[PDB]
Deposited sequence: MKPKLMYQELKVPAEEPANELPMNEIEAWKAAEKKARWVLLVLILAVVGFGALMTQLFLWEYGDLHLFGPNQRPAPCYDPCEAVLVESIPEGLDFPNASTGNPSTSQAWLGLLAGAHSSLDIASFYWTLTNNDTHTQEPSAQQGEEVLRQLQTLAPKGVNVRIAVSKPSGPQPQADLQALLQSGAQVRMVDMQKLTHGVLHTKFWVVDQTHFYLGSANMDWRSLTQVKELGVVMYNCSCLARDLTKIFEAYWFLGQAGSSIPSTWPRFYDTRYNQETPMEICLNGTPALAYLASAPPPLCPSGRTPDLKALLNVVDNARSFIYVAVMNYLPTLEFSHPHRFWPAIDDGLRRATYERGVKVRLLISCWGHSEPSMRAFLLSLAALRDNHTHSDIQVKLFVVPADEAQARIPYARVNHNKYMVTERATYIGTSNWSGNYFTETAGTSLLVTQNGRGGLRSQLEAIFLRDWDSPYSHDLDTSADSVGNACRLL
């Protein structure tokens, strides 16, 4: 019936990037600190699933002092293969030709690197970001292999420490990326047993998490990349939504009930109707915190206003939407593709979901993504820490109702 429990002493830590100048009145380790500490303690293996690499000023054609943390991350990674650590890096194939200075330097250092052509395989991209260290620890979250991800962009991830069972489960997902990064690869009709898992929505892994029992599993996207035991990302996410009885707090960079960039536009109401059902059938309080910046897709506005219109005193329907805007001063505004909140996570009164994907259809049907799902009885824990980060952001001055003036938010914002 139920698969074997895990005996490892797992400890989870939420790790954040807080961009320079973003202040919150009255603390977690930073992505940069957590990463440097994962590298310093690596003795055998490092697997990185990645979207792109821009860790240096040279990569972005800037001269920013705040790129130093990214350049120190690259320097540490270059010491790993020479000292005997097996480094494997899966990266998304860019759509055109692009310079690959970081990956060259790591190849030169002895790391193995495979480009994955998800466009050929699924019409999507390899979007996931995660690290697996020594088959024991992993990072899963929103931060890219990008110096801007350490200092100029707001990020949210988790580091699971001392949790070899779950790290090995994550390595299985990595191994599918690693296989597909080979010449002549196609998606097998059936994935071999080597990739399958017992740990999923129906039977999550029983773990001991910061000293108390928890239920954890890893979900994966797109469906072609899921062996039969592997819960698909979208199914995991909708299960948290459908099980919520008091609130759903969602902080995601983009939300769009469409299959974004489809030449014939394609409506995609899967998550939308989940949130509508939750609030109308079960009286769930839904708070959606969507990021906004100069690159936001302007069609988001009408769909977000559609959701917000459901608030009704007498139906106990209570959806609220805010936009989170990272301010950019003059010098910051010259950094390409920065000053935005990249977080992607969901928390309810009983469950956590930490993902790598934005909430539009292609991320769940074509593009590679992963998410960690944890449930755990008892006040406190990982779940209350994530709720606290959400409420911090929701109540901060960086969060704005949809009627807010564009000239109040401290940055370009296409949704206002």
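- Not built in the structure, per the record, are deposited positions 1-71, 98-100.
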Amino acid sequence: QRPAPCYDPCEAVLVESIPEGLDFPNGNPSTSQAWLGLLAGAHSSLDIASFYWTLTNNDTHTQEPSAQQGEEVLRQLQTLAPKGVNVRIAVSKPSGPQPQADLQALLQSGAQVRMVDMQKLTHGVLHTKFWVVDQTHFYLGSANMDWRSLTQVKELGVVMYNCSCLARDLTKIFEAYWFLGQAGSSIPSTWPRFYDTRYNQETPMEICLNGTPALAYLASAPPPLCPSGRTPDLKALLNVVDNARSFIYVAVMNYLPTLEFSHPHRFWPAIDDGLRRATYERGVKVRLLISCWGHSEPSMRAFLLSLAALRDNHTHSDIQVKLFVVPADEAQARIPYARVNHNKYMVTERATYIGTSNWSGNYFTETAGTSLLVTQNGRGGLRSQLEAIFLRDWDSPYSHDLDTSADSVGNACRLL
From here on, numbers count along this sequence of modelled residues.
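- Averaged over CA atoms, B-factors in the entry run higher in 261-269 than in the other of 147-155 and 261-269.
- As listed in the deposited structure, the average C-alpha B-factor of 359-367 and of 376-384 is greater for 376-384.
- Based on the entry's C-alpha B-factors, the most elevated value among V241, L140, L289, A81 belongs to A81.
- Note on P232, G274, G96, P204: the highest value goes to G96, judged by CA B factor as recorded.
- Among the modelled residues of its chain, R282 has a C-alpha B-factor that falls in the middle third according to the deposited record.
- When all modelled residues of the chain are sorted by CA temperature factor, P327 is found within the lowest third.
- Annotation for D393: C-alpha temperature factor in the lowest third relative to the rest of the modelled chain, per the entry.
- In this PDB entry, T315 carries a Cα temperature factor that places it within the highest third of its chain's modelled residues.
- Among the modelled residues of its chain, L38 has a C-alpha B-factor that falls in the highest third according to the deposited record.
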